[PDB]
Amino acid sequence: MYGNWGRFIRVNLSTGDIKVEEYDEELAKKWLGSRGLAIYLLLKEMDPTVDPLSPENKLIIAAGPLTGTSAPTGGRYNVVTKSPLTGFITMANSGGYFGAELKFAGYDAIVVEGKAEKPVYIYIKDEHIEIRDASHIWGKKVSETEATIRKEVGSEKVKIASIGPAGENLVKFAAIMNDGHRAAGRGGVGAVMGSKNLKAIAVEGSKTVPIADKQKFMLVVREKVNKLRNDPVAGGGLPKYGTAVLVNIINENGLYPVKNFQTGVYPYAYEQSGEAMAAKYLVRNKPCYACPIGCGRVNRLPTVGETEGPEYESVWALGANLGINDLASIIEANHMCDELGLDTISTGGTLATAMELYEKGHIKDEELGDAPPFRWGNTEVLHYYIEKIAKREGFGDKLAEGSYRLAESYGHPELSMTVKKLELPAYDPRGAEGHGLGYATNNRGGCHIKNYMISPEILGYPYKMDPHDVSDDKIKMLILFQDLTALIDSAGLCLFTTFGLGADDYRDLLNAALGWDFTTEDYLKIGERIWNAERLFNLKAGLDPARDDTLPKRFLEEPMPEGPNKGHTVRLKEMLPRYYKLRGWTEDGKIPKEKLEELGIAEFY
């Protein structure tokens, strides 16, 4: 078996016992790895109805077959668990170097169970797996945590994945950070880790991931790297301005959400664009393991010093979303989210809900006391609240619950722009209707990257589609993106490789490395199998398609007020049933046993 090691660590924190389990190539041929392997283990061992914050829930950190190889961007891994925020499955992808290091230690994944009695951290150095006391690290920011551990194990090569005070305090949108600023960010994966009293995981490896045909593999690798290098996005836009290049693009297209999705055009968007960032604060770009793109940003601020990020989504969530223009305040806010272990999107989305509730008079000043008023454009909200949230201090305790619960507690859940309680990202669905269907059907909630329909609808990859086309062809593109993305996630590659590479390219790399002879059609079915397995878990976890697969009324009832998309609304009712049909599911959005048997997963009926 190549690429994959066929080994994974299983740690039971309650009992303290560790065991290295193995699996066979036939399992890999079914679920590929990372995201796919994770959903299988969950489906086979965990009751989908467990309380996400109880010791029965499992946290799976998993690398993919191409993670740690020379495959361009082969350094990604996924964290999978039941979300304490949405109540459904969640896969959070992260880059950096941690993923590659796990593979170098000789493991594919780590299955964490139970709950330790006192804070601890797992130290791994090749075959040496150890559970150490973290009572002295608990309470520290990510940067401090990494520093302490590196000094303790006396090694700077050790890669670390940790939670900040937010995770420790069970903030519903706590993230798991690694390599300082890389995030397995959404779904509350950090709260799950914190509930187990697991402060961090430190790895050191020295092995070389086995590849089926090195000569052939290196041949393929150079061809793909060349394609990415010749692409204007992967070869010009991203390395030069990072993901933040999108600001001006999405704004010019009139779907850049401003003030909790009230409108889609922001007059000061340029001030927080990738181009403006590059001219004002950028030091250089930074690549994740084995990346020929280098979209990561390294900024320097006279206040917080050198820092990494923010990504587009973070610039938006903490900027225009809140009616804030100040890029410097946005960079500071991003840095604090990284240090504290908070998802930038949910944080900003939660702060936007409070601002709208405040605007509508549901949150009164007498309730805030002397804390900054939740007034649009108020930058003090960013400097003050982010820390209060991490520690559940003051109003920070209410905010730590997330947008939905916060709005619901004031009797106005309609002001919460969430889908399955996950806060929506930087693109208004009224200007890209296929992307809207994505938000409604995404297995993890109102999320954009597990089905990035902005590529076809706005960017022109694979090719340009009308953002207002709601035909079967548009629905089919969605299904394709969902399955393909499931493949890419499982492979261990970065989604951005789609700016140059296509399904066949991924087949070439996977075959050369694994030594398989699958057609592109075979790999895509693994993706469809993964998408369906996640849906089933959710369905078993209690998902009601009618109530849960929707979009906030704002998008279905209020015409876009201005910009090139003025007058538009998302035609979800029309698309939804056709989507279920084309997915092979029933009218009511459920998976019939016939489909399960077809995908070879009827054992989970």
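We number the residues from 1 along the sequence you see.
Engineer: Averaged over C-alpha atoms, is the B-factor higher for 73-81 or for 213-221 in this PDB entry?
Structural biologist: On average, C-alpha B-factors are higher across 213-221.
Engineer: Please work out which of 121-129 and 406-414 has the higher mean CA B-factor as recorded in the PDB entry.
Structural biologist: Comparing 121-129 with 406-414, the higher mean C-alpha B-factor belongs to 121-129.
Engineer: Among the candidates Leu27, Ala63, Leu551, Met560, give the one with the maximum CA B-factor reported in the record.
Structural biologist: When the deposited C-alpha B-factors of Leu27, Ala63, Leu551, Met560 are compared, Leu27 is largest.
Engineer: Per the entry's Cα B factor values, which of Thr243, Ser135, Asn334, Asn251 stands out as the maximum?
Structural biologist: Of the options given, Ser135 has the highest CA B-factor in the PDB entry.
Engineer: Sorting the chain's modelled residues by C-alpha B-factor, tell me whether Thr307 ends up in the lowest, middle or highest third.
Structural biologist: Middle third, going by the recorded CA B-factors of the chain.
Engineer: For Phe555, does the deposited CA B-factor place it in the lowest, middle or highest third of the chain?
Structural biologist: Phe555: CA B-factor falls in the lowest third of its chain.
Engineer: By the record's CA B-factor, is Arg150 among the lowest, middle or highest third of residues in the chain?
Structural biologist: For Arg150, the deposited C-alpha B-factor lands in the highest third.
Engineer: So where's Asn169 on the chain's Cα temperature factor ranking, which third?
Structural biologist: Middle third - that is where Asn169 ends up once the chain's C-alpha B-factors are sorted.
Engineer: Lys44's Cα B-factor: lowest, middle or highest third of the chain?
Structural biologist: As the PDB entry reports it, the C-alpha B-factor of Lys44 lands in the highest third of its chain.
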